[PDB]
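Asks: Got a structure for you, written out below as structure tokens; questions coming shortly.
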Amino acid sequence: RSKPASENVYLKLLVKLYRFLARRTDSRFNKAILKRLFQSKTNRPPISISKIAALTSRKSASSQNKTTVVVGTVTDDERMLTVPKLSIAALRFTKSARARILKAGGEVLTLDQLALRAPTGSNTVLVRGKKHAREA
Amino acid sequence: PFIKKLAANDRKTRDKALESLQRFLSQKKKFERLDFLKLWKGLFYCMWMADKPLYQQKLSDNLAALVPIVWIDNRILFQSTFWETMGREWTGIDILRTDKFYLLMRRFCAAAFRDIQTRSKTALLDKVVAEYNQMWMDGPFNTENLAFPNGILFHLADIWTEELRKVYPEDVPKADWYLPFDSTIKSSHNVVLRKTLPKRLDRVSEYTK
Amino acid sequence: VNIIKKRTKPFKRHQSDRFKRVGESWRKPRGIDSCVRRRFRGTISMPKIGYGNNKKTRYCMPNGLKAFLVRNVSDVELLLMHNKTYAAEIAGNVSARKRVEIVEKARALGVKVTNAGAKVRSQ
Amino acid sequence: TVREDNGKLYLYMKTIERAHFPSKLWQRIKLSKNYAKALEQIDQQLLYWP
Amino acid sequence: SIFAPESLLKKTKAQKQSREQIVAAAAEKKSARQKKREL
Amino acid sequence: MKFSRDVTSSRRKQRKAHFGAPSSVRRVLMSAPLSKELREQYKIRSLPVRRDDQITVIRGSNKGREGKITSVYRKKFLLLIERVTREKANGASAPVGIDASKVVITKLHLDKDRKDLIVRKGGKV
Amino acid sequence: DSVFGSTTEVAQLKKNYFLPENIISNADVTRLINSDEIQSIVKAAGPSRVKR
RNA sequence: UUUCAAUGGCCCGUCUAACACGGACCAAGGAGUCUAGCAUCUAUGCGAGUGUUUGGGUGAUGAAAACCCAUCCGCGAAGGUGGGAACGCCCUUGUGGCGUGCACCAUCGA
RNA sequence: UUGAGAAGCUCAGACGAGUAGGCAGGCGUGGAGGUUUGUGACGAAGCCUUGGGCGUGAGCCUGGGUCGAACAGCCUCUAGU
């Protein structure tokens, strides 16, 4: 895969940014952020606001100042009642996720604002979503 | 009633409203931060809309010398609201316009160093730098607000010692001139902002302690 | 760079010389019975990518300037900075008056008009 | 850009800060007849441009 | 007095590090490649 | 544009109702503009063409030839004026069809009918 | 502002309309690459079109 | 271009070596199209939701367009142990150590 | 040193038959929206040509003759292509 299958000309821009950041730096983060923007919509599955709040805040709850980063859509979970002070950076946020983070929490970022906050992608988590539909 | 004229589309109207702000701001009262955050959304656009390179580099000085017009109590409030409003919307610029919002930052960082020189003749500078340092500890160099971008502080390190020397040609005395940059590289969670900040800074340890 | 052609004789569809229903534009044969498809020696050749010409001296007239259809008086104006790599070919349906004004201006831009002489008898 | 207008060559320049004003978008400088003067007048107007 | 676009100020500083850090490995290469030509 | 659903804009319907109009419609389609000296004393932009009018020809190859209308030929949509006659080979003369839209009327053949049309349609005598 | 509303506020002349947002926060991608956030960390550059 | 010289050049398509079968020639016509259903892949919009167009409202400038939408309805609806993406701190520069370990896969929980 | 249509530019190697089949980029025809301050009675389309030009090719551009009212390039949509 060498060019996104889409025609979203606000996503030729991101690829024009992270395929510059892939080759002028030594991070395999940018060679993993770029290696996901090419993937089709069924290959970038959604991930909820509860699985993100569960991934960072568990075991020792190491959630100090790391920005969760998913190249997908940050959807919502409403069975989660209280939302922790999180910070995410995805392409799309659903309008019930972006209003359930800001209501008590931190920052919602596009991968633009990520590249001006962690240009080499340090102090981050690079999560995915579950690809498993269990039959489809 | 005043700000929405500062964002006019006519330089014969924008500037005509700027000199009357000199009357409006030298008042002897108390101003609340948001009132200086709404006024600083006009002088952003008073400088965002700036055509010529021989006007915007004159407009910056007219904005720089606006600080000594502020009353003594809220003079440090007025710069704190600027560094917030020059760090809240620094990503919205493009390269054809950052070149002119760097010099506004260069002047205001230098305009701070000028006012410490003015305030140093009233009371000892050791407390004046500290409360100025306090303004640096809740504006840019605060750690907990990760949203303050790097491009501000990288340019804030390069102009820190050079426009300390510019306002103090004879000799700048010892104070906590670099204490913002030491508490920043020590615990701030922007990894590059603690790694490459010393590589940009030109700190002078001969006179500081 | 001197212009060159890998071939000069165009390709000519098989048996388009005998029959008048079959036109001369090339059509690749589709049968494996064919002598031509299996590429028997003595039969005619075929268009392949081998006969592709130089990627820099392509589209060039034998002089060296590429062509450009100028169909009005503001289509030759773009050729102001490109007078040593383009020749202003006038389009065919342009009237014999609008033609005589492209020539008098392309001549100021030093641009070669290839067929300036049409419909224009000089005195 | 540089484009003639009735015998005398002009220089047209634009900026971001006049982009939303299509009437006043392009300013103008008239270039002198002396060819070495015109090159020295393009540079002094187009300084620090790429 | 037009000053400068201070973006170009910080390219002339990063090109005092680009020049120095490779012009240093020019004498240290030319002095190095006189050892191996003999060796 | 037209804003009525009871007028037709198709070339098919309009070009059929023209060429196959009856000989009462074929009268008001053959009208002539009045001269500038009559346009101000009758206050009428145009009159339908009668026989024995007093016209001048503005367009065509028969430019400026004045006359009177001999036979208003409603079928082939053309007037026939006096003494403007293309020759024939045999020796006889042929009449030249001048379109009724080209002529300019200089003196009406005023009658009781026309006056009762003139006095109501915007003007007087 | 009542037909389309805003990005976080409902358009008043439309039930359940919120204006969309962007996959890129700054609408201009060749002016982050040249910022001070990126060109401080990047590795030493190579040349342009290389010599033969 | 016409022709000459030298050298080569089994008539095309359908078939199953030759055949056979089609071919007098020229022109214009002439053959995987529309619709419903299902599935895959991709694109977009929204996202625990999603779908305006049966209708209603509206639309003076093709008013069968565009635009807005009530009440139903359809489809859907938190265990350790090993790896392992990435990212910190390292000091054997690296190597290696050290910590957090996504998807997916094993392992024992239910 | 300007070669940033980053869908561009540039450097170096290997490779090149191809059946059923699979994939990709393009050429052309009739209509539709947008565009060319588009071409046209000083001659549009067509047609003919022992004229010239381009493309590997489907094709296109053009000179001469003929002729007499319409027609095309570009980006999309559409098919009785």
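Chain identifiers are assigned as A, B, and so on, following the order in which chains appear in the structure tokens; residues are numbered from 1 within each chain, and ligands are numbered from 1 in order of appearance.
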List every residue of chain A that DSSP, applied to the backbone of this structure, assigns to strand (DSSP E or B), and report them as a list in words.
Replies: residues 47, 67, 68, 69, 73, 74, 88, 89, 92, 93, 108, 109, 124, 125 and 126 of chain A
Asks: Export N, CA, C and O atoms of the chosen residues as a tab-separated table (two decimals), in the first residue's frame?
Replies:
chain	number	residue	atom	x	y	z
A	47	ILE	N	-12.79	2.57	18.36
A	47	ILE	CA	-12.42	2.22	19.73
A	47	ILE	C	-13.13	3.18	20.67
A	47	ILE	O	-13.14	4.39	20.44
A	67	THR	N	-0.44	10.83	25.73
A	67	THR	CA	-1.57	11.03	24.83
A	67	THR	C	-1.88	9.72	24.11
A	67	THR	O	-1.05	9.21	23.34
A	68	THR	N	-3.06	9.17	24.36
A	68	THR	CA	-3.52	8.03	23.59
A	68	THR	C	-3.73	8.45	22.14
A	68	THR	O	-4.25	9.54	21.87
A	69	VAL	N	-3.30	7.61	21.21
A	69	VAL	CA	-3.29	7.93	19.78
A	69	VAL	C	-3.88	6.75	19.03
A	69	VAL	O	-3.25	5.69	18.96
A	73	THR	N	-11.59	6.07	14.74
A	73	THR	CA	-12.62	6.95	15.25
A	73	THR	C	-12.80	6.69	16.74
A	73	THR	O	-12.99	5.54	17.14
A	74	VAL	N	-12.72	7.74	17.55
A	74	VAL	CA	-12.95	7.61	18.98
A	74	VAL	C	-14.46	7.70	19.21
A	74	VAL	O	-15.02	8.80	19.26
A	88	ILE	N	-6.71	12.34	24.06
A	88	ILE	CA	-6.73	11.46	22.91
A	88	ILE	C	-6.31	12.26	21.69
A	88	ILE	O	-6.28	13.49	21.71
A	89	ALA	N	-5.97	11.54	20.62
A	89	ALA	CA	-5.64	12.19	19.36
A	89	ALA	C	-6.00	11.22	18.24
A	89	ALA	O	-5.26	10.27	17.97
A	92	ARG	N	-11.22	11.21	13.63
A	92	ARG	CA	-12.61	11.55	13.87
A	92	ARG	C	-12.94	11.34	15.34
A	92	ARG	O	-12.50	10.37	15.95
A	93	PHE	N	-13.72	12.26	15.89
A	93	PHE	CA	-14.37	12.08	17.18
A	93	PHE	C	-15.87	12.18	16.96
A	93	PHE	O	-16.35	13.12	16.32
A	108	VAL	N	-8.71	16.93	22.93
A	108	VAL	CA	-9.04	16.14	21.75
A	108	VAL	C	-8.24	16.70	20.59
A	108	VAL	O	-8.34	17.89	20.27
A	109	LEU	N	-7.43	15.86	19.97
A	109	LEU	CA	-6.47	16.29	18.97
A	109	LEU	C	-6.65	15.56	17.66
A	109	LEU	O	-7.02	14.38	17.62
A	124	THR	N	3.56	8.65	24.41
A	124	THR	CA	2.27	8.35	23.81
A	124	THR	C	1.95	6.88	24.01
A	124	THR	O	2.78	6.08	24.45
A	125	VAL	N	0.70	6.54	23.69
A	125	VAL	CA	0.26	5.16	23.53
A	125	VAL	C	-0.35	5.04	22.14
A	125	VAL	O	-1.13	5.90	21.72
A	126	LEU	N	0.02	3.99	21.42
A	126	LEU	CA	-0.43	3.80	20.04
A	126	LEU	C	-1.34	2.59	20.01
A	126	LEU	O	-0.92	1.47	19.70
Asks: Using only C-alpha atoms (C1' of nucleotides), determine which residues of chain H fall within 12 Å of chain F; present them as a PyMOL selection string.
Replies: chain H and resi 60-63
Asks: Could those residues be written to a file, using C-alpha atoms (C1' of nucleotides), as a PDB file, in the first residue's frame?
Replies:
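Result file follows (result-v8.pdb):
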ATOM      1  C1'   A H  60     -43.301  33.660  -7.133  1.00  0.00           C
ATOM      2  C1'   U H  61     -36.754  33.462 -10.346  1.00  0.00           C
ATOM      3  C1'   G H  62     -38.663  24.315 -14.773  1.00  0.00           C
ATOM      4  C1'   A H  63     -42.668  24.637  -8.489  1.00  0.00           C
TER       5        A H  63
END
Asks: Which of these, D:32, D:1, D:7, D:21, has the shortest distance to residue D:46 once you count only C-alpha atoms?
Replies: D:1
Asks: According to DSSP computed on the backbone, where in stretch 1-208 of chain B is there alpha helix (DSSP H)? Give the residues as a PyMOL selection string.
Replies: chain B and resi 3-6+11-25+33-39+42-48+56-64+75-85+95-119+125-138+150-158+162-167+179-187+191-195+197-200
Asks: Applying 8 Å and only C-alpha atoms (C1' of nucleotides), which residues near residue E:18 remain after dropping the ones on its own chain fewer than 4 positions away? List them as a VMD selection string.
Replies: (chain E and resid 14 22) or (chain G and resid 44)
Asks: Give me, as a Markdown table, the closest atom pair and its distance (Å, one decimal) for every residue of stretch 26-88 of chain C within a cut-off of 10 Å of stretch 60-81 of chain I, counting only C-alpha atoms (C1' of nucleotides), rows sorted by chain and rising number.
Replies:
| residue | atom | partner | partner_atom | distance |
| --- | --- | --- | --- | --- |
| C:67 | CA | I:61 | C1' | 8.7 |
| C:68 | CA | I:61 | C1' | 9.0 |
| C:69 | CA | I:61 | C1' | 7.8 |
| C:71 | CA | I:73 | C1' | 9.9 |
Asks: Do me a favour and pick out the residues of chain B within 12 Å of chain G, using only C-alpha atoms, as a short mmCIF file (atom, residue, chain, number, x, y, z; two decimals) with N, CA and C atoms, in the first residue's frame.
Replies:
data_model
loop_
_atom_site.label_atom_id
_atom_site.label_comp_id
_atom_site.auth_asym_id
_atom_site.auth_seq_id
_atom_site.Cartn_x
_atom_site.Cartn_y
_atom_site.Cartn_z
N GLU B 89 -3.36 30.26 20.06
CA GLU B 89 -3.65 30.30 18.63
C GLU B 89 -2.39 30.58 17.84
N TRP B 90 -1.32 29.84 18.14
CA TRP B 90 -0.11 29.91 17.34
C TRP B 90 -0.08 28.86 16.23
N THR B 91 -0.88 27.80 16.35
CA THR B 91 -0.99 26.79 15.30
C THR B 91 -1.86 27.25 14.14
N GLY B 92 -2.70 28.26 14.33
CA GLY B 92 -3.55 28.73 13.26
C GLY B 92 -2.84 29.53 12.19
N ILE B 93 -1.58 29.87 12.40
CA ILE B 93 -0.82 30.71 11.48
C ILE B 93 -0.25 29.85 10.36
N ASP B 94 0.25 30.49 9.30
CA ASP B 94 1.06 29.85 8.27
C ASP B 94 2.43 30.51 8.22
N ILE B 95 3.33 29.95 7.41
CA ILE B 95 4.70 30.46 7.41
C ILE B 95 4.75 31.88 6.87
N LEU B 96 3.85 32.23 5.95
CA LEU B 96 3.86 33.59 5.43
C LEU B 96 3.36 34.60 6.44
N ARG B 97 3.06 34.17 7.66
CA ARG B 97 2.59 35.07 8.69
C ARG B 97 3.23 34.82 10.05
N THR B 98 3.90 33.69 10.26
CA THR B 98 4.64 33.49 11.50
C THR B 98 5.82 34.45 11.61
N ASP B 99 6.40 34.83 10.48
CA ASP B 99 7.56 35.70 10.51
C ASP B 99 7.26 37.03 11.19
N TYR B 102 6.60 36.34 15.19
CA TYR B 102 7.79 36.08 15.98
C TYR B 102 8.31 37.37 16.59
N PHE B 148 0.53 24.23 25.34
CA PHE B 148 1.39 25.34 24.95
C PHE B 148 2.46 24.83 24.01
N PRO B 149 2.53 25.31 22.77
CA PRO B 149 3.34 24.63 21.76
C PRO B 149 4.83 24.87 21.97
N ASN B 150 5.61 24.09 21.23
CA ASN B 150 7.06 24.17 21.33
C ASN B 150 7.61 25.39 20.61
N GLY B 151 7.01 25.77 19.49
CA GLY B 151 7.54 26.87 18.70
C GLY B 151 7.61 28.17 19.46
N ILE B 152 6.86 28.28 20.56
CA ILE B 152 6.94 29.49 21.36
C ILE B 152 8.22 29.48 22.20
N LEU B 153 8.48 28.35 22.86
CA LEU B 153 9.58 28.27 23.81
C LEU B 153 10.93 28.14 23.12
N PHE B 154 10.99 27.46 21.97
CA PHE B 154 12.23 27.44 21.20
C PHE B 154 12.63 28.84 20.77
N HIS B 155 11.66 29.64 20.33
CA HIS B 155 11.94 31.04 20.05
C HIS B 155 12.07 31.87 21.31
N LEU B 156 11.53 31.40 22.43
CA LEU B 156 11.67 32.11 23.69
C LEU B 156 13.01 31.85 24.37
N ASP B 158 15.91 31.54 22.38
CA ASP B 158 16.87 32.24 21.55
C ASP B 158 16.87 33.74 21.81
N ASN B 190 6.69 17.35 27.85
CA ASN B 190 6.97 17.43 26.42
C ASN B 190 8.42 17.00 26.22
N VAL B 191 8.60 15.77 25.73
CA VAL B 191 9.91 15.13 25.77
C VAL B 191 10.95 15.92 24.99
N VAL B 192 10.60 16.36 23.79
CA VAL B 192 11.55 17.17 23.03
C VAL B 192 11.75 18.53 23.70
N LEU B 193 10.74 19.04 24.39
CA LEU B 193 10.87 20.34 25.02
C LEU B 193 11.77 20.31 26.25
N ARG B 194 12.14 19.12 26.73
CA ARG B 194 13.17 19.00 27.75
C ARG B 194 14.50 18.50 27.18
N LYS B 195 14.50 17.97 25.96
CA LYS B 195 15.72 17.47 25.34
C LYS B 195 16.44 18.57 24.56
N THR B 196 15.75 19.20 23.62
CA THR B 196 16.35 20.17 22.72
C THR B 196 16.22 21.60 23.20
N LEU B 197 15.69 21.82 24.39
CA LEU B 197 15.64 23.17 24.93
C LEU B 197 17.04 23.64 25.35
N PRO B 198 17.84 22.82 26.05
CA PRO B 198 19.23 23.23 26.30
C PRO B 198 20.04 23.43 25.03
N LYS B 199 19.74 22.68 23.97
CA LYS B 199 20.48 22.84 22.72
C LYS B 199 20.15 24.15 22.02
N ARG B 200 19.04 24.79 22.38
CA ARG B 200 18.69 26.09 21.83
C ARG B 200 19.07 27.24 22.75
#
Asks: Taking only C-alpha atoms into account, produce a table as JSON lines in which each residue of chain B with an atom at most 9 Å from an atom of chain D appears once, together with its shortest atom pair and the distance in Å to one decimal, ordered by chain and rising number.
Replies:
{"residue": "B:48", "atom": "CA", "partner": "D:17", "partner_atom": "CA", "distance": 7.9}
{"residue": "B:49", "atom": "CA", "partner": "D:17", "partner_atom": "CA", "distance": 5.6}
{"residue": "B:50", "atom": "CA", "partner": "D:17", "partner_atom": "CA", "distance": 6.2}
{"residue": "B:51", "atom": "CA", "partner": "D:17", "partner_atom": "CA", "distance": 5.4}
{"residue": "B:52", "atom": "CA", "partner": "D:17", "partner_atom": "CA", "distance": 8.7}
{"residue": "B:96", "atom": "CA", "partner": "D:16", "partner_atom": "CA", "distance": 7.2}
{"residue": "B:97", "atom": "CA", "partner": "D:16", "partner_atom": "CA", "distance": 7.7}
Asks: Hey, can you spit out that residue selection with N, CA, C and O atoms as a PDB file, in the first residue's frame?
Replies:
ATOM      1  N   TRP B  48      -2.725  40.372  13.227  1.00  0.00           N
ATOM      2  CA  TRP B  48      -2.948  39.358  12.202  1.00  0.00           C
ATOM      3  C   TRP B  48      -3.213  40.012  10.854  1.00  0.00           C
ATOM      4  O   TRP B  48      -2.649  39.608   9.832  1.00  0.00           O
ATOM      5  N   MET B  49      -4.066  41.029  10.836  1.00  0.00           N
ATOM      6  CA  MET B  49      -4.242  41.873   9.658  1.00  0.00           C
ATOM      7  C   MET B  49      -3.191  42.973   9.727  1.00  0.00           C
ATOM      8  O   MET B  49      -3.387  44.012  10.355  1.00  0.00           O
ATOM      9  N   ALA B  50      -2.048  42.737   9.090  1.00  0.00           N
ATOM     10  CA  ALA B  50      -0.988  43.736   9.007  1.00  0.00           C
ATOM     11  C   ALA B  50      -0.280  43.569   7.676  1.00  0.00           C
ATOM     12  O   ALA B  50       0.343  42.534   7.434  1.00  0.00           O
ATOM     13  N   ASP B  51      -0.351  44.592   6.829  1.00  0.00           N
ATOM     14  CA  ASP B  51       0.058  44.431   5.439  1.00  0.00           C
ATOM     15  C   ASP B  51       1.569  44.533   5.266  1.00  0.00           C
ATOM     16  O   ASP B  51       2.224  43.571   4.856  1.00  0.00           O
ATOM     17  N   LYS B  52       2.132  45.666   5.587  1.00  0.00           N
ATOM     18  CA  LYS B  52       3.453  45.904   5.032  1.00  0.00           C
ATOM     19  C   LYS B  52       4.551  45.629   6.055  1.00  0.00           C
ATOM     20  O   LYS B  52       4.360  45.835   7.255  1.00  0.00           O
ATOM     21  N   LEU B  96       3.853  32.227   5.949  1.00  0.00           N
ATOM     22  CA  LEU B  96       3.857  33.586   5.426  1.00  0.00           C
ATOM     23  C   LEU B  96       3.357  34.599   6.440  1.00  0.00           C
ATOM     24  O   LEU B  96       3.242  35.782   6.105  1.00  0.00           O
ATOM     25  N   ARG B  97       3.061  34.167   7.661  1.00  0.00           N
ATOM     26  CA  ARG B  97       2.593  35.073   8.694  1.00  0.00           C
ATOM     27  C   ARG B  97       3.231  34.820  10.053  1.00  0.00           C
ATOM     28  O   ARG B  97       3.148  35.694  10.920  1.00  0.00           O
TER      29      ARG B  97
END
Asks: Near stretch 103-110 of chain C, within 6 Å and counting only C-alpha atoms (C1' of nucleotides), which residues show up once chain neighbours fewer than 2 positions away are dropped, as a ChimeraX atom specification?
Replies: /C:80,100-101
Asks: If the cut-off is 10 Å, can you tell me the residues of chain C near chain I, counting only C-alpha atoms (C1' of nucleotides)? I'd like them as a compact mmCIF listing (two decimals) with N, CA and C atoms, in the first residue's frame.
Replies:
# COMPACT_ATOMS: atom_id res chain seq x y z
N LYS C 6 12.63 5.88 -33.26
CA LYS C 6 12.95 4.46 -33.30
C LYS C 6 12.30 3.79 -34.50
N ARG C 7 11.24 4.38 -35.04
CA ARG C 7 10.57 3.87 -36.21
C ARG C 7 10.03 5.05 -37.00
N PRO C 10 4.76 3.81 -39.89
CA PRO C 10 3.73 3.46 -38.91
C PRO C 10 3.32 2.01 -39.04
N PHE C 11 2.55 1.55 -38.06
CA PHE C 11 2.05 0.19 -38.06
C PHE C 11 0.72 0.13 -38.79
N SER C 25 -5.68 1.46 -39.40
CA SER C 25 -5.30 1.64 -38.01
C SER C 25 -5.07 0.29 -37.36
N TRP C 26 -4.10 0.23 -36.46
CA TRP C 26 -3.62 -1.04 -35.94
C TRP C 26 -4.64 -1.68 -35.00
N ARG C 27 -4.83 -2.99 -35.15
CA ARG C 27 -5.64 -3.78 -34.22
C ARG C 27 -4.93 -5.09 -33.95
N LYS C 28 -4.58 -5.33 -32.70
CA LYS C 28 -3.88 -6.55 -32.32
C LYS C 28 -4.74 -7.76 -32.67
N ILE C 32 -5.22 -17.37 -31.70
CA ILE C 32 -3.97 -18.11 -31.56
C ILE C 32 -3.66 -18.96 -32.78
N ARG C 38 1.54 -15.39 -33.09
CA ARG C 38 2.69 -16.16 -32.67
C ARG C 38 4.00 -15.53 -33.12
N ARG C 39 3.93 -14.47 -33.92
CA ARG C 39 5.09 -13.69 -34.34
C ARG C 39 6.04 -14.50 -35.22
N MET C 46 4.74 -5.38 -34.84
CA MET C 46 3.66 -4.95 -33.97
C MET C 46 4.07 -3.74 -33.15
N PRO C 47 3.10 -2.92 -32.73
CA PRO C 47 3.36 -1.89 -31.73
C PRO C 47 3.70 -2.53 -30.40
N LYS C 48 4.88 -2.23 -29.89
CA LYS C 48 5.25 -2.61 -28.54
C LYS C 48 5.81 -1.39 -27.84
N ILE C 49 6.05 -1.54 -26.53
CA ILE C 49 6.68 -0.46 -25.77
C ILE C 49 8.16 -0.35 -26.06
N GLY C 50 8.73 -1.28 -26.83
CA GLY C 50 10.12 -1.15 -27.20
C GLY C 50 10.38 0.05 -28.08
N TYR C 51 9.47 0.32 -29.02
CA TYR C 51 9.62 1.45 -29.94
C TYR C 51 9.29 2.78 -29.31
N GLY C 52 9.15 2.84 -27.99
CA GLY C 52 8.95 4.13 -27.35
C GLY C 52 10.17 5.00 -27.51
N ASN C 53 9.94 6.29 -27.73
CA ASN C 53 11.02 7.21 -28.03
C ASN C 53 11.51 7.91 -26.76
N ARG C 58 10.60 13.65 -26.90
CA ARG C 58 9.30 13.20 -27.34
C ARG C 58 8.43 14.41 -27.64
N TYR C 59 7.40 14.19 -28.45
CA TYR C 59 6.45 15.21 -28.86
C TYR C 59 7.11 16.35 -29.61
N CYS C 60 8.40 16.24 -29.93
CA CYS C 60 9.14 17.30 -30.59
C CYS C 60 9.06 17.15 -32.10
N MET C 61 8.88 18.27 -32.78
CA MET C 61 9.05 18.33 -34.21
C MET C 61 10.51 18.10 -34.55
N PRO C 62 10.83 17.77 -35.80
CA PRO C 62 12.23 17.52 -36.15
C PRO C 62 13.13 18.71 -35.87
N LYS C 66 8.28 21.58 -29.54
CA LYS C 66 7.02 20.88 -29.47
C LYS C 66 5.89 21.77 -29.98
N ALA C 67 4.75 21.15 -30.27
CA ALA C 67 3.66 21.89 -30.88
C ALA C 67 2.73 22.46 -29.81
N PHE C 68 1.86 23.38 -30.24
CA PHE C 68 0.92 24.02 -29.32
C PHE C 68 -0.20 24.67 -30.11
N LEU C 69 -1.43 24.20 -29.92
CA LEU C 69 -2.57 24.72 -30.66
C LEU C 69 -2.97 26.07 -30.10
N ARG C 71 -5.61 28.84 -30.67
CA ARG C 71 -6.88 29.05 -31.35
C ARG C 71 -7.42 30.46 -31.20
N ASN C 72 -6.69 31.35 -30.53
CA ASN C 72 -7.03 32.77 -30.51
C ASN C 72 -5.79 33.55 -30.11
N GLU C 89 1.40 26.19 -33.21
CA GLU C 89 0.54 25.67 -34.26
C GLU C 89 -0.85 26.27 -34.15
N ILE C 90 -1.28 26.97 -35.19
CA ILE C 90 -2.60 27.58 -35.19
C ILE C 90 -3.63 26.51 -35.51
N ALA C 91 -4.78 26.58 -34.85
CA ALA C 91 -5.83 25.60 -35.07
C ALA C 91 -6.50 25.83 -36.43
N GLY C 92 -7.18 24.79 -36.91
CA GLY C 92 -7.61 24.79 -38.30
C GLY C 92 -8.83 25.63 -38.60
N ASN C 93 -9.76 25.74 -37.66
CA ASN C 93 -11.01 26.44 -37.91
C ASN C 93 -10.91 27.94 -37.65
N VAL C 94 -9.73 28.43 -37.27
CA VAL C 94 -9.55 29.85 -37.02
C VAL C 94 -9.67 30.62 -38.33
N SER C 95 -10.43 31.71 -38.31
CA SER C 95 -10.70 32.46 -39.53
C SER C 95 -9.43 33.05 -40.10
N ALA C 96 -9.49 33.39 -41.38
CA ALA C 96 -8.35 33.95 -42.10
C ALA C 96 -8.12 35.41 -41.78
N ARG C 97 -8.80 35.96 -40.79
CA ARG C 97 -8.48 37.27 -40.23
C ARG C 97 -7.90 37.17 -38.83
N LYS C 98 -8.56 36.41 -37.96
CA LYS C 98 -8.00 36.16 -36.64
C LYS C 98 -6.67 35.43 -36.73
N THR C 114 4.00 27.50 -37.04
CA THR C 114 4.37 26.49 -38.02
C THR C 114 3.67 26.71 -39.36
N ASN C 115 2.40 27.11 -39.34
CA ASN C 115 1.63 27.28 -40.56
C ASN C 115 1.03 28.68 -40.62
N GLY C 117 1.39 30.75 -42.90
CA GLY C 117 1.16 31.12 -44.28
C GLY C 117 -0.21 30.80 -44.84
N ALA C 118 -1.08 30.15 -44.08
CA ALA C 118 -2.38 29.74 -44.60
C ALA C 118 -3.31 30.94 -44.78
N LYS C 119 -4.00 30.97 -45.92
CA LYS C 119 -5.07 31.93 -46.18
C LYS C 119 -4.61 33.38 -46.09
Asks: Can you tell me, as a ChimeraX atom specification, what residues are no more than 9 Å from stretch 37-40 of chain F when counting only C-alpha atoms (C1' of nucleotides), ignoring any on the same chain fewer than 3 positions away?
Replies: /F:33-34,43-46,105-107,123
Asks: Should the cut-off be 9 Å, what would the residue list for chain I against chain G look like, counting only C-alpha atoms (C1' of nucleotides), as a PDB file with C-alpha atoms (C1' of nucleotides), in the first residue's frame?
Replies:
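The result, stored in result-v6.pdb:
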ATOM      1  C1'   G I   3      14.266  20.109 -10.501  1.00  0.00           C
ATOM      2  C1'   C I   9      11.560  16.195  -8.983  1.00  0.00           C
ATOM      3  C1'   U I  10      15.813  12.913  -8.811  1.00  0.00           C
ATOM      4  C1'   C I  11      19.753   8.653  -8.335  1.00  0.00           C
TER       5        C I  11
END
Asks: Please report, as a tab-separated table, each residue of chain H lying at most 9 Å from chain A, together with the nearest pair of atoms and the separation in Å rounded to one decimal; use only C-alpha atoms (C1' of nucleotides), and order rows by chain and ascending residue number.
Replies:
residue	atom	partner	partner_atom	distance
H:42	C1'	A:5	CA	7.2
H:43	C1'	A:6	CA	5.9
H:44	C1'	A:6	CA	8.7
H:46	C1'	A:94	CA	8.1
H:47	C1'	A:94	CA	6.7
H:48	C1'	A:77	CA	7.7
H:85	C1'	A:126	CA	7.8
H:86	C1'	A:126	CA	6.0
H:87	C1'	A:122	CA	5.9
H:88	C1'	A:123	CA	6.7
H:100	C1'	A:62	CA	7.4
H:102	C1'	A:127	CA	4.3
H:103	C1'	A:128	CA	5.9
Asks: Using only C-alpha atoms (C1' of nucleotides), find the residues of chain H whose closest atom to chain G is at most 12 Å away, then write them as a ChimeraX atom specification.
Replies: /H:45-46,52,67-69
Asks: Residues as selected, C-alpha atoms (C1' of nucleotides), written as a PDB file, in the first residue's frame, can you do that?
Replies:
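Below is the file that was written, part_11.pdb:
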ATOM      1  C1'   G H  45     -21.547  10.441   6.084  1.00  0.00           C
ATOM      2  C1'   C H  46     -22.817   9.492  11.157  1.00  0.00           C
ATOM      3  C1'   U H  52     -35.587  12.878   5.014  1.00  0.00           C
ATOM      4  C1'   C H  67     -35.216  22.748   1.542  1.00  0.00           C
ATOM      5  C1'   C H  68     -37.424  21.362   6.212  1.00  0.00           C
ATOM      6  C1'   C H  69     -39.918  17.165   9.327  1.00  0.00           C
TER       7        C H  69
END
Asks: What are the residues of chain I lining chain A at 12 Å or less? Count only C-alpha atoms (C1' of nucleotides), and put the answer as a list in words.
Replies: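 So the contacting residues turn out to be residues 4, 6 and 7 of chain I.
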Asks: Skip stretch 3-7 of chain G itself and residues of its chain fewer than 4 positions away, then list as a ChimeraX atom specification all residues within 10 Å of it, counting only C-alpha atoms (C1' of nucleotides).
Replies: /A:95 /G:11-14,17-21
